[PDB]
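Taken in sequence, the protein lines are chains A and B. According to UniProt numbering, the first sequence is numbered sequentially starting from 431. The second sequence runs 431 to 463, 466 to 515 under UniProt numbering. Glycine included, C-beta positions come from ideal geometry on N, C-alpha and C. What follows is one structure encoded as structure tokens, with my remarks underneath.
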Amino acid sequence: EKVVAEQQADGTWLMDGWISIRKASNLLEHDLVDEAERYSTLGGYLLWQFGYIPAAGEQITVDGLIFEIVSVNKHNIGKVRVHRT
Amino acid sequence: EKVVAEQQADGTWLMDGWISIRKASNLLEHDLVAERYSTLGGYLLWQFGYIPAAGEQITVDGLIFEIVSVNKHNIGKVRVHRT
Numbered sequence: 431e432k433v434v435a436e437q438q439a440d441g442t443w444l445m446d447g448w449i450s451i452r453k454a455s456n457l458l459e460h461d462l463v464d465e466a467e468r469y470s471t472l473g474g475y476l477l478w479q480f481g482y483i484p485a486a487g488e489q490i491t492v493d494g495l496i497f498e499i500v501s502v503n504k505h506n507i508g509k510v511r512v513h514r515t
Numbered sequence: 431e432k433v434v435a436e437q438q439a440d441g442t443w444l445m446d447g448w449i450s451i452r453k454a455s456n457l458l459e460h461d462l463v466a467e468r469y470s471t472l473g474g475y476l477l478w479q480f481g482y483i484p485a486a487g488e489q490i491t492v493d494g495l496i497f498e499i500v501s502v503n504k505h506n507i508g509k510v511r512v513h514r515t
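And the structure:
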């Protein structure tokens, strides 16, 4: 009954950390999926990218996508902003 | 200065999550050597597949890793023993 992913008019996405990495990849039109299945959700993917629990504002750029941490909770990354470039 | 790894007489290790996976691998005599510059805390995040809670454990390759604490930035202290 709740929102996992939303896209603004300007094309930016706000996505929940528990979205599957395949769904994130599909929506962002970029294959983020690990061959060896080390991560399964967008939050898991980012935790793997950082190798620690990031703060708000930290970002990773992957193949021209910027992933900005918006919130983090006790069990996963929370809200992630994603935009190109 | 601050202690990154401690062993007890019964063979169990208490390690900081920031400890390198290289050092952990060496101390535990187990090839966890993860992406190699990885840390123990980073390794355990992807083993669990979420940020775990105090008292959770996971068994990987004949080693039991128990989360003792977790802070804002990484897994805090980890307790490791065999089998």
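Beta-carbon proximity check, residue i vs residue j, cutoff 8 Å
i                      : j                      : result
residue 478 of chain B : residue 477 of chain A : yes
residue 494 of chain B : residue 473 of chain B : no
residue 498 of chain A : residue 511 of chain A : yes
residue 483 of chain B : residue 502 of chain B : yes
residue 490 of chain B : residue 480 of chain B : yes
residue 439 of chain A : residue 457 of chain A : no
Contacts of residue i in chain A (Cβ-Cβ under 9 Å)
i                      : result
residue 483 of chain B : 473, 477, 483, 502, 503, 504, 505, 506 and 507
Cβ-based neighbour list, residue i, same chain, cut-off 6 Å, excluding 5 preceding and 5 following
i                      : result
residue 455 of chain A : 461, 462 and 463
residue 488 of chain B : 499
Close Cβ partners of residue i (< 8 Å) along its chain, the five nearest in sequence each way excluded
i                      : result
residue 470 of chain A : 450 and 451
residue 442 of chain B : 511, 512 and 513
Where residue i meets chain A, residues with beta-carbon distance less than 8 Å
i                      : result
residue 470 of chain B : 481
Contacting residues, own chain, Cβ-Cβ under 7 Å from residue i (five flanking each side not counted)
i                      : result
residue 509 of chain A : 444, 446, 500 and 501
residue 486 of chain B : 499, 500, 501 and 502
residue 437 of chain B : 443
Bridge-paired residues (DSSP) for residue i
i                      : result
residue 446 of chain A : A:509
residue 490 of chain A : A:497
residue 514 of chain A : A:495
residue 435 of chain A : A:445
Check: residue i C-beta below 7 Å from any heavy atom of the ligand COA
i                      : result
residue 446 of chain A : For the structure depicted, the ligand COA is absent and the ligand set is empty, with no information on it obtainable.
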